[PDB]
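A.B. asks: One structure coming up, written as structure tokens, with questions to follow.
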There are 2 protein chains.
Amino acid sequence: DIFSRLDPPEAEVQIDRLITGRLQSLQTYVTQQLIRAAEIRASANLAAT
Amino acid sequence: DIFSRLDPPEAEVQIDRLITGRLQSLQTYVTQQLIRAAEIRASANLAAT
């Protein structure tokens with residue numbers, strides 16, 4: 001929709017903002033999966049023991 | 001300050017920069033609390049044992 005109603009010079013800025021925001025979303029997601037996977041791993045170690 | 005002396009269209013972009021920077025600080029706080037919470041739980045599991 002950005003392109004449909006805006007020129008490239010300004011559309012690159014608007015899309016870059018959305019990219020940064022959604023890229024931050026992925027960093028939040030992956031960081032939490034690593035922290036939570038360490039907890040299930042500690043539980044799997046207890047269950048194996 | 002910003003909104004009061006400047007221009008609303010510009011104040012909005014600068015306030016969004018403050019929101020983003022402060023949100024990133026606050027999200028960093030929460031990530032480190034989850035990493036530290038696992039260390040306290042690991043110690044508490046040893047103390048219970």
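Within each chain, counting starts at residue 1; across the structure tokens, chains are named A, B, ... in the order shown, with ligands numbered 1 upward in that order.
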For range 9-20 of chain A, please output as a list in words all residues within 12 Å (counting only C-alpha atoms; exclusion window: fewer than 6 positions along the same chain).
C.D. replies: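 The residues satisfying every condition are residues 1, 2, 3, 26 and 27 of chain A; 13, 16, 17 and 20 of chain B.
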A.B. asks: Could the residues in this selection be saved with N, CA, C and O atoms as a PDB file, in the first residue's frame?
C.D. replies:
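Output file out.pdb is given in full below:
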```
ATOM      1  N   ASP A   1       0.820  -1.202   0.000  1.00  0.00           N
ATOM      2  CA  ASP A   1       0.000   0.000   0.000  1.00  0.00           C
ATOM      3  C   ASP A   1       0.856   1.256   0.000  1.00  0.00           C
ATOM      4  O   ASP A   1       0.445   2.287  -0.537  1.00  0.00           O
ATOM      5  N   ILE A   2       2.048   1.161   0.571  1.00  0.00           N
ATOM      6  CA  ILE A   2       2.940   2.306   0.634  1.00  0.00           C
ATOM      7  C   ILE A   2       3.260   2.793  -0.767  1.00  0.00           C
ATOM      8  O   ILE A   2       3.214   3.986  -1.046  1.00  0.00           O
ATOM      9  N   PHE A   3       3.595   1.855  -1.643  1.00  0.00           N
ATOM     10  CA  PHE A   3       3.997   2.191  -2.997  1.00  0.00           C
ATOM     11  C   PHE A   3       2.822   2.737  -3.780  1.00  0.00           C
ATOM     12  O   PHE A   3       2.939   3.740  -4.486  1.00  0.00           O
ATOM     13  N   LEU A  26      11.348 -10.576  15.592  1.00  0.00           N
ATOM     14  CA  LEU A  26      12.063 -11.824  15.459  1.00  0.00           C
ATOM     15  C   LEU A  26      13.188 -11.967  16.471  1.00  0.00           C
ATOM     16  O   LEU A  26      13.395 -13.065  16.993  1.00  0.00           O
ATOM     17  N   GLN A  27      13.902 -10.894  16.772  1.00  0.00           N
ATOM     18  CA  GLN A  27      14.933 -11.003  17.792  1.00  0.00           C
ATOM     19  C   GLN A  27      14.357 -11.307  19.160  1.00  0.00           C
ATOM     20  O   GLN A  27      14.951 -12.084  19.915  1.00  0.00           O
TER      21      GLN A  27
ATOM     22  N   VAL B  13       7.353  12.251  15.336  1.00  0.00           N
ATOM     23  CA  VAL B  13       8.499  11.436  14.946  1.00  0.00           C
ATOM     24  C   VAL B  13       9.561  11.378  16.026  1.00  0.00           C
ATOM     25  O   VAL B  13      10.110  10.306  16.283  1.00  0.00           O
ATOM     26  N   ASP B  16       8.211   9.276  18.933  1.00  0.00           N
ATOM     27  CA  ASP B  16       8.383   7.877  18.580  1.00  0.00           C
ATOM     28  C   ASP B  16       9.815   7.390  18.731  1.00  0.00           C
ATOM     29  O   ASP B  16      10.023   6.222  19.057  1.00  0.00           O
ATOM     30  N   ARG B  17      10.813   8.247  18.518  1.00  0.00           N
ATOM     31  CA  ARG B  17      12.188   7.848  18.801  1.00  0.00           C
ATOM     32  C   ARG B  17      12.430   7.653  20.285  1.00  0.00           C
ATOM     33  O   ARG B  17      13.152   6.730  20.678  1.00  0.00           O
ATOM     34  N   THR B  20      10.653   4.296  21.175  1.00  0.00           N
ATOM     35  CA  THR B  20      11.477   3.176  20.753  1.00  0.00           C
ATOM     36  C   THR B  20      12.716   2.988  21.617  1.00  0.00           C
ATOM     37  O   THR B  20      12.997   1.862  22.016  1.00  0.00           O
TER      38      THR B  20
END
```
A.B. asks: Mind listing as a PyMOL selection string which residues of chain B are within 9 Å of chain A, counting only C-alpha atoms?
C.D. replies: chain B and resi 27+31+34-35+38
A.B. asks: Output N, CA, C and O atoms of each residue in that selection to a file, as a compact mmCIF listing (two decimals), in the first residue's frame.
C.D. replies:
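Wrote again-v5.txt, looks like this:
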```txt
# COMPACT_ATOMS: atom_id res chain seq x y z
N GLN B 27 12.70 -3.57 27.44
CA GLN B 27 12.82 -4.94 26.97
C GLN B 27 14.15 -5.57 27.34
O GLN B 27 14.20 -6.76 27.66
N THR B 31 14.58 -9.10 29.52
CA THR B 31 15.39 -10.24 29.10
C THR B 31 16.41 -10.61 30.17
O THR B 31 16.62 -11.80 30.46
N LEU B 34 14.77 -12.61 33.03
CA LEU B 34 14.56 -14.02 32.74
C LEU B 34 15.86 -14.81 32.79
O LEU B 34 15.85 -15.99 33.15
N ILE B 35 16.97 -14.20 32.40
CA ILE B 35 18.23 -14.93 32.45
C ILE B 35 18.70 -15.10 33.89
O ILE B 35 19.25 -16.14 34.26
N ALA B 38 16.56 -17.80 35.99
CA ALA B 38 17.00 -19.18 35.83
C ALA B 38 18.15 -19.54 36.75
O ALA B 38 18.30 -20.70 37.11
```
A.B. asks: With all Cα atoms paired residue by residue, do a least-squares superposition of chain B on chain A and hand back the transformed coordinates as a PDB file with N, CA, C and O atoms, in the first residue's frame.
C.D. replies:
```
ATOM      1  N   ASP B   1       0.826  -1.270   0.019  1.00  0.00           N
ATOM      2  CA  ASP B   1       0.114  -0.003   0.134  1.00  0.00           C
ATOM      3  C   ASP B   1       1.072   1.180   0.040  1.00  0.00           C
ATOM      4  O   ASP B   1       0.973   2.001  -0.872  1.00  0.00           O
ATOM      5  N   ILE B   2       1.999   1.261   0.988  1.00  0.00           N
ATOM      6  CA  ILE B   2       2.928   2.383   1.058  1.00  0.00           C
ATOM      7  C   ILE B   2       3.504   2.708  -0.315  1.00  0.00           C
ATOM      8  O   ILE B   2       3.304   3.805  -0.837  1.00  0.00           O
ATOM      9  N   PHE B   3       4.217   1.749  -0.896  1.00  0.00           N
ATOM     10  CA  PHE B   3       4.970   1.988  -2.120  1.00  0.00           C
ATOM     11  C   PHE B   3       4.050   2.423  -3.257  1.00  0.00           C
ATOM     12  O   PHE B   3       4.465   3.153  -4.157  1.00  0.00           O
ATOM     13  N   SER B   4       2.803   1.968  -3.210  1.00  0.00           N
ATOM     14  CA  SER B   4       1.874   2.160  -4.318  1.00  0.00           C
ATOM     15  C   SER B   4       1.330   3.586  -4.342  1.00  0.00           C
ATOM     16  O   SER B   4       1.182   4.186  -5.404  1.00  0.00           O
ATOM     17  N   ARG B   5       1.037   4.120  -3.160  1.00  0.00           N
ATOM     18  CA  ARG B   5       0.495   5.469  -3.044  1.00  0.00           C
ATOM     19  C   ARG B   5       1.318   6.315  -2.080  1.00  0.00           C
ATOM     20  O   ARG B   5       1.089   6.297  -0.870  1.00  0.00           O
ATOM     21  N   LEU B   6       2.281   7.053  -2.622  1.00  0.00           N
ATOM     22  CA  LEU B   6       3.175   7.868  -1.807  1.00  0.00           C
ATOM     23  C   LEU B   6       4.268   8.505  -2.658  1.00  0.00           C
ATOM     24  O   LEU B   6       4.057   9.549  -3.278  1.00  0.00           O
ATOM     25  N   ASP B   7       5.436   7.874  -2.682  1.00  0.00           N
ATOM     26  CA  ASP B   7       6.571   8.388  -3.442  1.00  0.00           C
ATOM     27  C   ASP B   7       7.712   7.425  -3.190  1.00  0.00           C
ATOM     28  O   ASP B   7       7.999   7.144  -2.028  1.00  0.00           O
ATOM     29  N   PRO B   8       8.383   6.900  -4.215  1.00  0.00           N
ATOM     30  CA  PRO B   8       9.368   5.865  -3.838  1.00  0.00           C
ATOM     31  C   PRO B   8      10.382   6.311  -2.798  1.00  0.00           C
ATOM     32  O   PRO B   8      10.644   5.558  -1.849  1.00  0.00           O
ATOM     33  N   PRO B   9      11.003   7.504  -2.924  1.00  0.00           N
ATOM     34  CA  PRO B   9      12.017   7.878  -1.928  1.00  0.00           C
ATOM     35  C   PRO B   9      11.545   7.817  -0.484  1.00  0.00           C
ATOM     36  O   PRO B   9      12.343   7.546   0.412  1.00  0.00           O
ATOM     37  N   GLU B  10      10.260   8.088  -0.280  1.00  0.00           N
ATOM     38  CA  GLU B  10       9.663   8.085   1.045  1.00  0.00           C
ATOM     39  C   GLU B  10       9.212   6.681   1.408  1.00  0.00           C
ATOM     40  O   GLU B  10       9.320   6.266   2.562  1.00  0.00           O
ATOM     41  N   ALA B  11       8.706   5.946   0.422  1.00  0.00           N
ATOM     42  CA  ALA B  11       8.263   4.589   0.682  1.00  0.00           C
ATOM     43  C   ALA B  11       9.400   3.745   1.217  1.00  0.00           C
ATOM     44  O   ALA B  11       9.194   2.915   2.101  1.00  0.00           O
ATOM     45  N   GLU B  12      10.611   3.976   0.710  1.00  0.00           N
ATOM     46  CA  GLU B  12      11.781   3.233   1.140  1.00  0.00           C
ATOM     47  C   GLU B  12      12.090   3.446   2.612  1.00  0.00           C
ATOM     48  O   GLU B  12      12.425   2.492   3.317  1.00  0.00           O
ATOM     49  N   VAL B  13      11.994   4.687   3.088  1.00  0.00           N
ATOM     50  CA  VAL B  13      12.239   4.980   4.496  1.00  0.00           C
ATOM     51  C   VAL B  13      11.175   4.390   5.401  1.00  0.00           C
ATOM     52  O   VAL B  13      11.507   3.843   6.454  1.00  0.00           O
ATOM     53  N   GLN B  14       9.913   4.448   4.999  1.00  0.00           N
ATOM     54  CA  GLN B  14       8.825   3.859   5.764  1.00  0.00           C
ATOM     55  C   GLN B  14       8.826   2.342   5.733  1.00  0.00           C
ATOM     56  O   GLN B  14       8.483   1.718   6.734  1.00  0.00           O
ATOM     57  N   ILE B  15       9.213   1.736   4.616  1.00  0.00           N
ATOM     58  CA  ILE B  15       9.343   0.289   4.562  1.00  0.00           C
ATOM     59  C   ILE B  15      10.507  -0.177   5.424  1.00  0.00           C
ATOM     60  O   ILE B  15      10.425  -1.212   6.097  1.00  0.00           O
ATOM     61  N   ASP B  16      11.597   0.581   5.433  1.00  0.00           N
ATOM     62  CA  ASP B  16      12.672   0.266   6.360  1.00  0.00           C
ATOM     63  C   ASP B  16      12.253   0.356   7.819  1.00  0.00           C
ATOM     64  O   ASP B  16      12.770  -0.400   8.641  1.00  0.00           O
ATOM     65  N   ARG B  17      11.324   1.245   8.170  1.00  0.00           N
ATOM     66  CA  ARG B  17      10.798   1.249   9.530  1.00  0.00           C
ATOM     67  C   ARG B  17       9.982   0.007   9.830  1.00  0.00           C
ATOM     68  O   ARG B  17      10.054  -0.529  10.940  1.00  0.00           O
ATOM     69  N   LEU B  18       9.202  -0.468   8.860  1.00  0.00           N
ATOM     70  CA  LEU B  18       8.485  -1.716   9.040  1.00  0.00           C
ATOM     71  C   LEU B  18       9.434  -2.892   9.142  1.00  0.00           C
ATOM     72  O   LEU B  18       9.214  -3.787   9.961  1.00  0.00           O
ATOM     73  N   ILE B  19      10.488  -2.900   8.331  1.00  0.00           N
ATOM     74  CA  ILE B  19      11.455  -3.988   8.399  1.00  0.00           C
ATOM     75  C   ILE B  19      12.137  -4.013   9.752  1.00  0.00           C
ATOM     76  O   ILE B  19      12.245  -5.067  10.389  1.00  0.00           O
ATOM     77  N   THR B  20      12.596  -2.861  10.223  1.00  0.00           N
ATOM     78  CA  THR B  20      13.216  -2.785  11.536  1.00  0.00           C
ATOM     79  C   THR B  20      12.281  -3.203  12.662  1.00  0.00           C
ATOM     80  O   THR B  20      12.694  -3.976  13.521  1.00  0.00           O
ATOM     81  N   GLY B  21      11.034  -2.730  12.676  1.00  0.00           N
ATOM     82  CA  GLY B  21      10.119  -3.138  13.724  1.00  0.00           C
ATOM     83  C   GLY B  21       9.779  -4.612  13.705  1.00  0.00           C
ATOM     84  O   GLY B  21       9.727  -5.259  14.758  1.00  0.00           O
ATOM     85  N   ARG B  22       9.554  -5.166  12.519  1.00  0.00           N
ATOM     86  CA  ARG B  22       9.275  -6.589  12.414  1.00  0.00           C
ATOM     87  C   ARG B  22      10.503  -7.443  12.693  1.00  0.00           C
ATOM     88  O   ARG B  22      10.374  -8.510  13.300  1.00  0.00           O
ATOM     89  N   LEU B  23      11.690  -6.992  12.291  1.00  0.00           N
ATOM     90  CA  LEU B  23      12.905  -7.710  12.649  1.00  0.00           C
ATOM     91  C   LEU B  23      13.132  -7.761  14.148  1.00  0.00           C
ATOM     92  O   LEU B  23      13.546  -8.799  14.670  1.00  0.00           O
ATOM     93  N   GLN B  24      12.888  -6.663  14.846  1.00  0.00           N
ATOM     94  CA  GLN B  24      13.003  -6.637  16.291  1.00  0.00           C
ATOM     95  C   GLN B  24      12.015  -7.571  16.969  1.00  0.00           C
ATOM     96  O   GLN B  24      12.368  -8.218  17.964  1.00  0.00           O
ATOM     97  N   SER B  25      10.784  -7.647  16.463  1.00  0.00           N
ATOM     98  CA  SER B  25       9.842  -8.635  16.970  1.00  0.00           C
ATOM     99  C   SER B  25      10.355 -10.056  16.792  1.00  0.00           C
ATOM    100  O   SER B  25      10.312 -10.864  17.733  1.00  0.00           O
ATOM    101  N   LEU B  26      10.844 -10.370  15.598  1.00  0.00           N
ATOM    102  CA  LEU B  26      11.335 -11.702  15.294  1.00  0.00           C
ATOM    103  C   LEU B  26      12.583 -12.063  16.087  1.00  0.00           C
ATOM    104  O   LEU B  26      12.726 -13.206  16.536  1.00  0.00           O
ATOM    105  N   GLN B  27      13.486 -11.107  16.270  1.00  0.00           N
ATOM    106  CA  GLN B  27      14.629 -11.328  17.137  1.00  0.00           C
ATOM    107  C   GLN B  27      14.227 -11.523  18.588  1.00  0.00           C
ATOM    108  O   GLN B  27      14.843 -12.328  19.292  1.00  0.00           O
ATOM    109  N   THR B  28      13.216 -10.800  19.058  1.00  0.00           N
ATOM    110  CA  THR B  28      12.720 -11.061  20.402  1.00  0.00           C
ATOM    111  C   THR B  28      12.177 -12.476  20.527  1.00  0.00           C
ATOM    112  O   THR B  28      12.446 -13.165  21.524  1.00  0.00           O
ATOM    113  N   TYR B  29      11.437 -12.935  19.518  1.00  0.00           N
ATOM    114  CA  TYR B  29      10.974 -14.319  19.521  1.00  0.00           C
ATOM    115  C   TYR B  29      12.130 -15.300  19.680  1.00  0.00           C
ATOM    116  O   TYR B  29      12.083 -16.206  20.521  1.00  0.00           O
ATOM    117  N   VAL B  30      13.183 -15.137  18.886  1.00  0.00           N
ATOM    118  CA  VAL B  30      14.292 -16.080  18.973  1.00  0.00           C
ATOM    119  C   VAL B  30      14.991 -16.033  20.332  1.00  0.00           C
ATOM    120  O   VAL B  30      15.323 -17.079  20.900  1.00  0.00           O
ATOM    121  N   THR B  31      15.205 -14.849  20.901  1.00  0.00           N
ATOM    122  CA  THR B  31      15.845 -14.792  22.211  1.00  0.00           C
ATOM    123  C   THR B  31      15.023 -15.527  23.259  1.00  0.00           C
ATOM    124  O   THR B  31      15.572 -16.262  24.093  1.00  0.00           O
ATOM    125  N   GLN B  32      13.708 -15.374  23.220  1.00  0.00           N
ATOM    126  CA  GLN B  32      12.933 -16.087  24.216  1.00  0.00           C
ATOM    127  C   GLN B  32      12.893 -17.583  23.971  1.00  0.00           C
ATOM    128  O   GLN B  32      12.719 -18.334  24.930  1.00  0.00           O
ATOM    129  N   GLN B  33      13.061 -18.048  22.742  1.00  0.00           N
ATOM    130  CA  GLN B  33      13.149 -19.481  22.523  1.00  0.00           C
ATOM    131  C   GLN B  33      14.426 -20.074  23.066  1.00  0.00           C
ATOM    132  O   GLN B  33      14.415 -21.209  23.538  1.00  0.00           O
ATOM    133  N   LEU B  34      15.536 -19.344  22.997  1.00  0.00           N
ATOM    134  CA  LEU B  34      16.761 -19.830  23.610  1.00  0.00           C
ATOM    135  C   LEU B  34      16.668 -19.844  25.125  1.00  0.00           C
ATOM    136  O   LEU B  34      17.270 -20.697  25.778  1.00  0.00           O
ATOM    137  N   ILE B  35      15.955 -18.888  25.710  1.00  0.00           N
ATOM    138  CA  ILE B  35      15.836 -18.879  27.165  1.00  0.00           C
ATOM    139  C   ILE B  35      14.923 -20.004  27.640  1.00  0.00           C
ATOM    140  O   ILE B  35      15.169 -20.628  28.671  1.00  0.00           O
ATOM    141  N   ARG B  36      13.882 -20.303  26.878  1.00  0.00           N
ATOM    142  CA  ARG B  36      12.973 -21.402  27.172  1.00  0.00           C
ATOM    143  C   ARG B  36      13.565 -22.770  26.832  1.00  0.00           C
ATOM    144  O   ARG B  36      13.287 -23.762  27.519  1.00  0.00           O
ATOM    145  N   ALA B  37      14.389 -22.843  25.801  1.00  0.00           N
ATOM    146  CA  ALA B  37      15.050 -24.091  25.489  1.00  0.00           C
ATOM    147  C   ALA B  37      15.952 -24.578  26.613  1.00  0.00           C
ATOM    148  O   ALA B  37      16.074 -25.791  26.809  1.00  0.00           O
ATOM    149  N   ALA B  38      16.577 -23.681  27.354  1.00  0.00           N
ATOM    150  CA  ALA B  38      17.400 -24.063  28.487  1.00  0.00           C
ATOM    151  C   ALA B  38      16.597 -24.630  29.634  1.00  0.00           C
ATOM    152  O   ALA B  38      17.117 -25.433  30.410  1.00  0.00           O
ATOM    153  N   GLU B  39      15.358 -24.211  29.782  1.00  0.00           N
ATOM    154  CA  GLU B  39      14.493 -24.725  30.820  1.00  0.00           C
ATOM    155  C   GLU B  39      14.005 -26.119  30.495  1.00  0.00           C
ATOM    156  O   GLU B  39      13.901 -26.958  31.385  1.00  0.00           O
ATOM    157  N   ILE B  40      13.705 -26.372  29.226  1.00  0.00           N
ATOM    158  CA  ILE B  40      13.329 -27.712  28.815  1.00  0.00           C
ATOM    159  C   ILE B  40      14.510 -28.676  28.906  1.00  0.00           C
ATOM    160  O   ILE B  40      14.350 -29.824  29.326  1.00  0.00           O
ATOM    161  N   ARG B  41      15.709 -28.229  28.543  1.00  0.00           N
ATOM    162  CA  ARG B  41      16.887 -29.070  28.690  1.00  0.00           C
ATOM    163  C   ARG B  41      17.205 -29.365  30.152  1.00  0.00           C
ATOM    164  O   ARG B  41      17.574 -30.488  30.485  1.00  0.00           O
ATOM    165  N   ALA B  42      17.060 -28.384  31.033  1.00  0.00           N
ATOM    166  CA  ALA B  42      17.292 -28.633  32.444  1.00  0.00           C
ATOM    167  C   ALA B  42      16.336 -29.682  32.993  1.00  0.00           C
ATOM    168  O   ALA B  42      16.750 -30.567  33.753  1.00  0.00           O
ATOM    169  N   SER B  43      15.071 -29.625  32.610  1.00  0.00           N
ATOM    170  CA  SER B  43      14.082 -30.620  32.968  1.00  0.00           C
ATOM    171  C   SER B  43      14.367 -31.979  32.366  1.00  0.00           C
ATOM    172  O   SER B  43      14.238 -32.992  33.060  1.00  0.00           O
ATOM    173  N   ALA B  44      14.739 -32.033  31.098  1.00  0.00           N
ATOM    174  CA  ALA B  44      15.115 -33.285  30.469  1.00  0.00           C
ATOM    175  C   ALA B  44      16.364 -33.909  31.071  1.00  0.00           C
ATOM    176  O   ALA B  44      16.439 -35.131  31.150  1.00  0.00           O
ATOM    177  N   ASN B  45      17.323 -33.123  31.528  1.00  0.00           N
ATOM    178  CA  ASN B  45      18.451 -33.705  32.239  1.00  0.00           C
ATOM    179  C   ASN B  45      18.045 -34.308  33.572  1.00  0.00           C
ATOM    180  O   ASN B  45      18.562 -35.359  33.954  1.00  0.00           O
ATOM    181  N   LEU B  46      17.128 -33.662  34.287  1.00  0.00           N
ATOM    182  CA  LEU B  46      16.600 -34.255  35.501  1.00  0.00           C
ATOM    183  C   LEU B  46      15.798 -35.520  35.221  1.00  0.00           C
ATOM    184  O   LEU B  46      15.911 -36.500  35.968  1.00  0.00           O
ATOM    185  N   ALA B  47      14.994 -35.539  34.162  1.00  0.00           N
ATOM    186  CA  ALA B  47      14.221 -36.735  33.847  1.00  0.00           C
ATOM    187  C   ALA B  47      15.116 -37.895  33.447  1.00  0.00           C
ATOM    188  O   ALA B  47      14.857 -39.031  33.844  1.00  0.00           O
ATOM    189  N   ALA B  48      16.183 -37.635  32.696  1.00  0.00           N
ATOM    190  CA  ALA B  48      17.143 -38.685  32.395  1.00  0.00           C
ATOM    191  C   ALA B  48      17.838 -39.207  33.650  1.00  0.00           C
ATOM    192  O   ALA B  48      18.048 -40.422  33.786  1.00  0.00           O
ATOM    193  N   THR B  49      18.173 -38.323  34.581  1.00  0.00           N
ATOM    194  CA  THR B  49      18.810 -38.771  35.811  1.00  0.00           C
ATOM    195  C   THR B  49      17.888 -39.653  36.644  1.00  0.00           C
ATOM    196  O   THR B  49      18.320 -40.684  37.154  1.00  0.00           O
TER     197      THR B  49
END
```
